[PDB]
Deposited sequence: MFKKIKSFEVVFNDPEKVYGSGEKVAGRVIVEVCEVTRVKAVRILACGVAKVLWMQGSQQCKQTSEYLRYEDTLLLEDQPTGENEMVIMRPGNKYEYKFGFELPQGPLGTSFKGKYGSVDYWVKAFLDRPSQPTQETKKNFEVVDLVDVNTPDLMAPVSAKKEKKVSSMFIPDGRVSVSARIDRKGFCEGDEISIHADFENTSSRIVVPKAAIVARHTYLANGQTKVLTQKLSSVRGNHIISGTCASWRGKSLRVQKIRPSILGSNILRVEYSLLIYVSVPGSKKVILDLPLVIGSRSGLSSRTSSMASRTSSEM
């Protein structure tokens, strides 16, 4: 096979979120060649990896996974009829896919992270192994540093008009290994008229390929309940821990939720993003 290449329309571009990547797969041959298909697979994968003491921890997340069978405008008949390719001609198959809105996986790079965006084209031929070509393209806080967050909410009464519920929490880092414990330091204030209850939970948000869609399932993993906190008191957690449980899906994204249930009102919620590796 003379040439087989992915040529993007703008060969030196950093593509953005919700951005169109478009190009051609270009085939030329030395001799008369029958061809069953030309297909593409476009992919974007971030790998977040580190070593706990000296243990091998890594989380892998796809953000793009697109496949299509490309067609020649001069071959209108369909995929159950092979195309005859001849020397002297450039057979150009148009491709085009839109990148996702939101995270492109470019979040953590270098030290702990790597990102990967490419298109493979495959040439299928009768009685031959499929031939492939691959072309990369360009897409647009410390993982091990402690994380601290706080949230306060007004919870009024007739007799306590400026009542408040607050939570302030601290954890040791963002990235944890399956089987670890997330140790939690938190302080809770309740000047409201209500009796409130501090809780925390690890939640797994599955981004998965199902039907014609990427959908998201939110799953609750390990959880803790604290002692109720009466009006006019505070309480503390000091190394209260949650176990990191071992769990067509692109990626799972995790969060520690630390919240206070307030009867008759909405919860006061901290959401702390986590990276959880195998």
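When the deposited sequence is numbered from 1, the segments without any C-alpha atom are 1-4, 145-151, 259-265, 297-315.
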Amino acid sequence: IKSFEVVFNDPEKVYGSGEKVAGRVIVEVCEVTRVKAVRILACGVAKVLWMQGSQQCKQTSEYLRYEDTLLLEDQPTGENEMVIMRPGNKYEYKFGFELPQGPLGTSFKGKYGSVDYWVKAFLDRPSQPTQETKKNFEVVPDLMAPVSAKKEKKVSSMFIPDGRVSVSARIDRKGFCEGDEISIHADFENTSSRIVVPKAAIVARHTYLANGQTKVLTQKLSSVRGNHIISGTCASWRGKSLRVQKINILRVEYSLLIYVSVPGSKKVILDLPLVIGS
From here on, numbers count along this sequence of modelled residues.
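Once the C-alpha B-factors are averaged per stretch, 188-196 and 175-183 rank with 175-183 first. For the pair 150-158 and 103-111, the mean B factor over Cα atoms is greater in 103-111. When the C-alpha B-factors of 54, 236, 231, 222 are ranked from the entry, the top spot goes to 54. Residue 145 sits in the middle third of its chain by CA B factor, as recorded in the PDB entry. Among all modelled residues in this chain, the alpha-carbon of residue 7 has a temperature factor (C-alpha) in the highest third. Residue 269: CA B factor in the lowest third of modelled residues in this chain (values from the PDB entry).
Ranked by C-alpha B-factor against the other modelled residues of its chain, residue 202 falls in the lowest third. Residue 71: CA B factor in the middle third of modelled residues in this chain (values from the PDB entry).
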